[PDB]
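A short worksheet on the structure shown next.
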Amino acid sequence: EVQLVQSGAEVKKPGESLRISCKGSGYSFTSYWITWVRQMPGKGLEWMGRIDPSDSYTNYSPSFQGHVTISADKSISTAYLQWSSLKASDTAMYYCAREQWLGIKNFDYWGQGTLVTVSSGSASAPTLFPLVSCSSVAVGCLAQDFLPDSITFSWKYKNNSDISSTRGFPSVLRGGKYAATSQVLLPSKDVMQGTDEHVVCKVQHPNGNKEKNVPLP
Amino acid sequence: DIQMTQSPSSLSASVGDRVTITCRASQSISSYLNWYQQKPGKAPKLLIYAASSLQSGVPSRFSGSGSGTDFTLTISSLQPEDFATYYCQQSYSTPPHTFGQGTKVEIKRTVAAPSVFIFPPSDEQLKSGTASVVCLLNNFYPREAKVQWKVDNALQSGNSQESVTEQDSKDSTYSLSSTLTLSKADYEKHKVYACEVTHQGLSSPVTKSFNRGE
Ligand SMILES: *[C@@H]1O[C@H](CO[C@@H]2O[C@@H](C)[C@@H](O)[C@@H](O)[C@@H]2O)[C@@H](O[C@@H]2O[C@H](CO)[C@@H](O)[C@H](O)[C@H]2NC(C)=O)[C@H](O)[C@H]1NC(C)=O
C-alpha cells in the first residue's frame, strides 16, 4: 500500500524560514527517488528538484536552484523541502511524488500537498455560526475568520451517526481572512416524526477544530 | 529547454463521447512521455507512462499513442467522473523535466434549473455586531448563473461574495453559495431581504426573500 503523506498547511511572514516534510510508507524508501513539484495558485505544474535518498544526490531545476534546498532522512523515511528567506512569490501548493529511475522515468505516486501561504497576516482558527431556514429541508453552517485556507467540514446526527448529504463550497477572501459555508438536506418526514431538535456541524483546521449545534425548524 | 505544447486548451463533451488531446514536443523525445490527471483540489494521478502503457488501476478507456514529437491521449467513452485537467510530461531532456500547460475537460449535460434557499443571520452572530445573509443554488447546469441581492428593493453592490462548486461526479451539475455582509446597524434599518437568480433553465427570474421580523 504505497503512500506519501506531507506536512500540514503553513502561514509564514516574508523573510522567515520554513521546512516542509513528505514521509513515505508501504515501500522501501531508498529504492525510489523523491521529486518536488510546485503549483502556483490557479496555474500549472512546475518541476523543482530530486533527491536520491540512498546517497542523497540532488538535482535542482535551473529556475529554483539557490533559493530552495532538498534533503532526506532515510532512517525515518522522510524527505524535506526548505526555504531560508521566504518571499511572497513562494505562496503556492507543493507536491512530493515518488519517481522511478529504471528506464523511462515517471511520477507514479503523489502526496496530498502542502499549502504554503506567505503574507503579513497571522494564523487564526475559524468561528462557526448556524444557518436555519427562516419535501426536504436544508440546513447549513458558516465558518469565518480563519487562516490559512485549509478547512474541512463534517456533520453528525444527535445519535453521533454520520450525515452523508453534505455539500462543499470553496472559500472566499475578505480582509486577510477566509469564510466558507456548508449545507445538508434532510427528509421532511424524518424530522417531523422525530425527537431530535438539532444536528452538529464540525470543522477541522490546523489552528483549531470546532463544533457548533444547528437547530432544526 | 524542451517545450511541451497541448491542444485543445479547454473542451466540453457529452457522456459516451470520444475525447482527444494532443501533446507536441519541440524535439524528438522517443517514448519518454507520461500523462497525468488532476481533478480540482487534489493531487495529480498517473494515467499513461512510456507513451502508451496504462498504469494499473486506471480505467481501460484511457489510452495513449505517439512517438518522437506527436502524442495523443484518448478517452474512448467519456464518463461523468472524468472531468479534470490533463497534463503531459517529458522525461528525456533531464534536467529539467517539463510539463504541458494542461487541457481542461468538462462534461456536457442537459439544462437544469436551480433550487434556491435563503438564510438570515443567526441571533448569535448579531450580538457580535455583524450580519451575514446567505443564498444557495443547488444542482443547476450550465455553470453560468447570476445572483442579485436587494434590500428594500434597492440593489446591492460591492458588498457580497460568492463561490461555485465543481461538477458533481454522477449528475454533472453545479451549486453556488453567495453571502451578503452588512453591519448590524444597517441590517436593522431595512426590513425585506432577497436574492434574485437568473439562469437558462428559468424562463423568469426566481426570487427568494424573508422579512426581518419573522
Ligand atoms: C440516528 O438518527 C438518524 C437520523 O434520524 C434523525 O433524528 C430523527 C429523530 C429526526 O430528527 C430525523 O429527521 C433525523 O434524520 C437515523 O437515520 C434515519 O432513521 C430513521 C428512523 O425512523 C429512518 O426512517 C431513516 O431512513 C434513517 N435515515 C438515514 C439516512 O439513515 C439513524 O437510524 C439513527 N441511528 C441510530 C444508531 O439509531
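Going by the C-alpha cells order, chains are called A, B, ..., each with residues numbered from 1, while ligands are numbered from 1 in the order shown.
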
- Name the residues, by chain letter and number, that sit within 8 Å of ligand 1 using only C-alpha atoms and all ligand atoms, and give them as a ChimeraX atom specification. /A:157-161,163-164,186-198,216

Counting only C-alpha atoms, which residues of chain A sit at most 9 Å from some atom of chain B, and what is each one's closest atom pair with its distance in Å to one decimal, listed by chain and rising residue number, as CSV?
```
residue,atom,partner,partner_atom,distance
A:43,CA,B:101,CA,8.6
A:44,CA,B:101,CA,6.2
A:45,CA,B:99,CA,6.7
A:46,CA,B:99,CA,7.1
A:47,CA,B:97,CA,6.3
A:48,CA,B:96,CA,8.4
A:49,CA,B:96,CA,8.5
A:59,CA,B:95,CA,7.9
A:60,CA,B:95,CA,7.9
A:61,CA,B:96,CA,5.6
A:62,CA,B:96,CA,7.5
A:95,CA,B:43,CA,7.4
A:104,CA,B:32,CA,5.9
A:105,CA,B:91,CA,6.0
A:106,CA,B:49,CA,6.6
A:107,CA,B:46,CA,7.0
A:108,CA,B:46,CA,5.7
A:109,CA,B:45,CA,7.3
A:110,CA,B:43,CA,6.5
A:111,CA,B:43,CA,6.8
A:112,CA,B:43,CA,5.7
A:113,CA,B:43,CA,6.9
A:129,CA,B:125,CA,6.7
A:130,CA,B:122,CA,6.5
A:131,CA,B:119,CA,6.0
A:132,CA,B:119,CA,6.0
A:133,CA,B:119,CA,5.3
A:134,CA,B:119,CA,6.4
A:138,CA,B:117,CA,7.8
A:139,CA,B:119,CA,8.9
A:140,CA,B:119,CA,8.7
A:167,CA,B:175,CA,8.8
A:168,CA,B:165,CA,7.0
A:169,CA,B:165,CA,5.6
A:170,CA,B:163,CA,5.8
A:171,CA,B:163,CA,7.0
A:172,CA,B:161,CA,7.1
A:173,CA,B:161,CA,8.8
A:174,CA,B:161,CA,8.9
A:180,CA,B:177,CA,8.9
A:181,CA,B:177,CA,7.5
A:182,CA,B:177,CA,8.9
A:183,CA,B:136,CA,8.9
```

- Message: For a test of reading the model, state the distance in Å between CA of residue 30 in chain B and CA of residue 57 in chain B, rounded to one decimal.
- Response: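 So the two atoms, CA of residue 30 in chain B and CA of residue 57 in chain B, lie 25.3 Å apart.
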
- Task: Please give the complete set of residues from range 92-194 of chain B that DSSP, run on the backbone, assigns to strand (DSSP E), formatted as a count of residues only.
- Result: 48

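The space between CA of residue 107 in chain B and CA of residue 83 in chain B spans 6.2 Å.
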
- Message: When DSSP is applied to the backbone of this structure, which of chain B are assigned helix (DSSP H, G or I)? Write them out as an MDAnalysis selection string.
- Response: chainID B and resid 80:82 123:127 184:187

Selection above as a file: N, CA and C atoms, as an mmCIF file, in the first residue's frame:
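Result saved to result_12.cif:
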```
data_model
loop_
_atom_site.group_PDB
_atom_site.id
_atom_site.type_symbol
_atom_site.label_atom_id
_atom_site.label_comp_id
_atom_site.auth_asym_id
_atom_site.auth_seq_id
_atom_site.Cartn_x
_atom_site.Cartn_y
_atom_site.Cartn_z
ATOM 1 N N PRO B 80 -18.960 10.440 -16.447
ATOM 2 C CA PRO B 80 -19.231 11.652 -15.655
ATOM 3 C C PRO B 80 -18.142 12.000 -14.658
ATOM 4 N N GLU B 81 -17.323 11.036 -14.248
ATOM 5 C CA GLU B 81 -16.308 11.256 -13.228
ATOM 6 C C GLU B 81 -14.957 11.658 -13.808
ATOM 7 N N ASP B 82 -14.873 11.899 -15.117
ATOM 8 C CA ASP B 82 -13.606 12.191 -15.774
ATOM 9 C C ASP B 82 -13.324 13.680 -15.935
ATOM 10 N N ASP B 123 -29.026 34.928 15.403
ATOM 11 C CA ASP B 123 -29.002 35.840 16.541
ATOM 12 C C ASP B 123 -27.645 35.821 17.231
ATOM 13 N N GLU B 124 -26.988 34.660 17.256
ATOM 14 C CA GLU B 124 -25.657 34.574 17.845
ATOM 15 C C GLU B 124 -24.675 35.484 17.117
ATOM 16 N N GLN B 125 -24.720 35.488 15.783
ATOM 17 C CA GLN B 125 -23.812 36.332 15.015
ATOM 18 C C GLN B 125 -24.133 37.810 15.196
ATOM 19 N N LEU B 126 -25.393 38.139 15.480
ATOM 20 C CA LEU B 126 -25.811 39.536 15.504
ATOM 21 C C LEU B 126 -25.323 40.256 16.756
ATOM 22 N N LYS B 127 -25.374 39.594 17.915
ATOM 23 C CA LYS B 127 -24.875 40.219 19.137
ATOM 24 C C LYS B 127 -23.399 40.577 19.016
ATOM 25 N N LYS B 184 -24.400 45.230 11.638
ATOM 26 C CA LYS B 184 -25.614 45.056 12.428
ATOM 27 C C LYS B 184 -26.478 46.309 12.385
ATOM 28 N N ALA B 185 -25.848 47.481 12.295
ATOM 29 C CA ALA B 185 -26.592 48.728 12.174
ATOM 30 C C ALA B 185 -27.469 48.714 10.928
ATOM 31 N N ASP B 186 -26.841 48.632 9.753
ATOM 32 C CA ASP B 186 -27.590 48.706 8.503
ATOM 33 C C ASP B 186 -28.627 47.597 8.385
ATOM 34 N N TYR B 187 -28.370 46.431 8.979
ATOM 35 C CA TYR B 187 -29.295 45.314 8.811
ATOM 36 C C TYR B 187 -30.656 45.609 9.433
#
```

- Message: Let me make sure I understand: among A:11, A:143, A:22, A:116, which one has the smallest atom-to-atom distance to residue 80 in chain A if we use only C-alpha atoms?
- Response: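 Ranking A:11, A:143, A:22, A:116 by distance to residue 80 in chain A, first place goes to A:22.
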
- Message: What's the separation between CA of residue 181 in chain B and CA of residue 154 in chain B, in Å to one decimal place?
- Response: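 Answer for the CA of residue 181 in chain B to CA of residue 154 in chain B separation: 15.1 Å.
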
- Could you pull the residues within 10 Å of residue 121 in chain A, counting only C-alpha atoms, minus those fewer than 5 positions along the same chain, as an MDAnalysis selection string? chainID A and resid 11:13 147:148 175:177

Contact residues around residue 205 in chain B with only C-alpha atoms at 12 Å, ignoring same-chain residues under 6 positions, as an mmCIF file with C-alpha atoms, in the first residue's frame:
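Writing done, so here's part.cif:
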```cif
data_model
loop_
_atom_site.group_PDB
_atom_site.id
_atom_site.type_symbol
_atom_site.label_atom_id
_atom_site.label_comp_id
_atom_site.auth_asym_id
_atom_site.auth_seq_id
_atom_site.Cartn_x
_atom_site.Cartn_y
_atom_site.Cartn_z
ATOM 1 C CA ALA B 113 -32.828 24.912 -13.191
ATOM 2 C CA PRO B 114 -31.548 25.645 -9.662
ATOM 3 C CA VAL B 116 -32.900 28.316 -4.248
ATOM 4 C CA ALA B 145 -25.731 31.923 -13.153
ATOM 5 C CA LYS B 146 -26.300 35.454 -11.865
ATOM 6 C CA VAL B 147 -27.278 36.126 -8.246
ATOM 7 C CA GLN B 148 -28.643 39.521 -7.257
ATOM 8 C CA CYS B 195 -31.709 37.239 -3.638
ATOM 9 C CA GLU B 196 -32.867 37.043 -7.268
ATOM 10 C CA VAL B 197 -31.440 34.292 -9.500
ATOM 11 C CA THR B 198 -31.096 34.263 -13.305
ATOM 12 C CA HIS B 199 -30.337 31.093 -15.273
#
```

- Item | Non-local contacts of range 81-88 of chain A (9 Å; only C-alpha atoms; under 4 positions in same chain excluded) as a ChimeraX atom specification | /A:12-22,36,67-72,117-119

Include C-alpha atoms and write out the residues we just selected as a PDB file, in the first residue's frame.
```
ATOM      1  CA  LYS A  12       4.731  32.442   7.422  1.00  0.00           C
ATOM      2  CA  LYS A  13       5.778  36.072   7.116  1.00  0.00           C
ATOM      3  CA  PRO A  14       8.106  37.451   4.413  1.00  0.00           C
ATOM      4  CA  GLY A  15      11.705  36.694   5.368  1.00  0.00           C
ATOM      5  CA  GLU A  16      11.061  33.680   7.592  1.00  0.00           C
ATOM      6  CA  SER A  17      12.367  30.150   7.112  1.00  0.00           C
ATOM      7  CA  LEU A  18      10.267  27.028   6.639  1.00  0.00           C
ATOM      8  CA  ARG A  19      10.730  23.288   6.164  1.00  0.00           C
ATOM      9  CA  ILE A  20       8.061  21.033   4.672  1.00  0.00           C
ATOM     10  CA  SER A  21       8.056  17.245   5.058  1.00  0.00           C
ATOM     11  CA  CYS A  22       6.967  14.243   2.988  1.00  0.00           C
ATOM     12  CA  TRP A  36       9.086  18.105  -5.600  1.00  0.00           C
ATOM     13  CA  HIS A  67      16.515  29.639  -3.465  1.00  0.00           C
ATOM     14  CA  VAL A  68      15.472  26.157  -2.237  1.00  0.00           C
ATOM     15  CA  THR A  69      17.139  23.072  -0.748  1.00  0.00           C
ATOM     16  CA  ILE A  70      16.188  19.372  -0.785  1.00  0.00           C
ATOM     17  CA  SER A  71      17.213  16.854   1.887  1.00  0.00           C
ATOM     18  CA  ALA A  72      16.165  13.479   3.273  1.00  0.00           C
ATOM     19  CA  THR A 117       0.850  30.956   2.457  1.00  0.00           C
ATOM     20  CA  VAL A 118       3.262  33.897   2.761  1.00  0.00           C
ATOM     21  CA  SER A 119       1.604  37.087   3.995  1.00  0.00           C
TER      22      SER A 119
END
```

- Could you give me, as a list in words, the residues within 9 Å of residue 125 in chain A, counting only C-alpha atoms and dropping anything in the same chain fewer than 2 positions from it?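 The residues that qualify are residues 123, 127, 144, 145, 146, 147, 148, 205, 206, 207, 208, 209 and 210 of chain A.
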
Emit the selected residues as a short mmCIF file (atom, residue, chain, number, x, y, z; two decimals), in the first residue's frame, including N, CA, C and O atoms.
```
data_model
loop_
_atom_site.label_atom_id
_atom_site.label_comp_id
_atom_site.auth_asym_id
_atom_site.auth_seq_id
_atom_site.Cartn_x
_atom_site.Cartn_y
_atom_site.Cartn_z
N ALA A 123 -2.01 33.59 11.77
CA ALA A 123 -2.93 32.46 11.71
C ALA A 123 -4.06 32.60 12.72
O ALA A 123 -3.92 33.26 13.76
N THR A 127 -14.49 30.53 13.20
CA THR A 127 -15.63 30.75 14.09
C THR A 127 -16.89 30.31 13.37
O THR A 127 -17.10 30.68 12.21
N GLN A 144 -15.97 31.38 9.58
CA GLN A 144 -15.47 32.73 9.37
C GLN A 144 -14.15 32.95 10.10
O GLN A 144 -13.87 32.31 11.12
N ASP A 145 -13.35 33.87 9.56
CA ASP A 145 -12.22 34.46 10.28
C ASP A 145 -11.11 33.45 10.54
O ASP A 145 -10.53 33.42 11.63
N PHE A 146 -10.78 32.62 9.55
CA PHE A 146 -9.71 31.65 9.68
C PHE A 146 -8.65 31.85 8.61
O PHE A 146 -8.90 32.45 7.56
N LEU A 147 -7.46 31.34 8.90
CA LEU A 147 -6.29 31.44 8.05
C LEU A 147 -5.23 30.48 8.58
O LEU A 147 -4.96 30.48 9.79
N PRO A 148 -4.62 29.64 7.74
CA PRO A 148 -4.72 29.57 6.27
C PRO A 148 -6.02 28.93 5.79
O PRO A 148 -6.84 28.49 6.58
N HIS A 205 -9.31 22.31 11.30
CA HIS A 205 -8.44 23.39 10.86
C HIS A 205 -7.11 23.27 11.59
O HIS A 205 -7.08 22.85 12.75
N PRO A 206 -5.99 23.63 10.93
CA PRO A 206 -4.68 23.48 11.60
C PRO A 206 -4.59 24.13 12.96
O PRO A 206 -3.99 23.56 13.88
N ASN A 207 -5.16 25.32 13.12
CA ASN A 207 -5.04 26.09 14.36
C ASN A 207 -6.16 25.81 15.35
O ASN A 207 -6.19 26.44 16.41
N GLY A 208 -7.09 24.91 15.04
CA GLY A 208 -8.15 24.58 15.97
C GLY A 208 -9.38 23.98 15.33
O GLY A 208 -9.92 24.53 14.37
N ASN A 209 -9.84 22.85 15.87
CA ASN A 209 -11.10 22.24 15.45
C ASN A 209 -12.23 22.75 16.33
O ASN A 209 -12.02 23.08 17.50
N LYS A 210 -13.43 22.81 15.77
CA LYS A 210 -14.54 23.44 16.46
C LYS A 210 -15.86 22.82 16.04
O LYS A 210 -16.01 22.36 14.90
#
```

- Item | Residue nearest residue 38 in chain B among B:18, B:150, B:24, B:104 (counting only C-alpha atoms) | B:104

- Item | Shell around residue 50 in chain A at 6 Å using only C-alpha atoms, local window under 2 positions removed, as a PyMOL selection string | chain A and resi 34-35+58-59
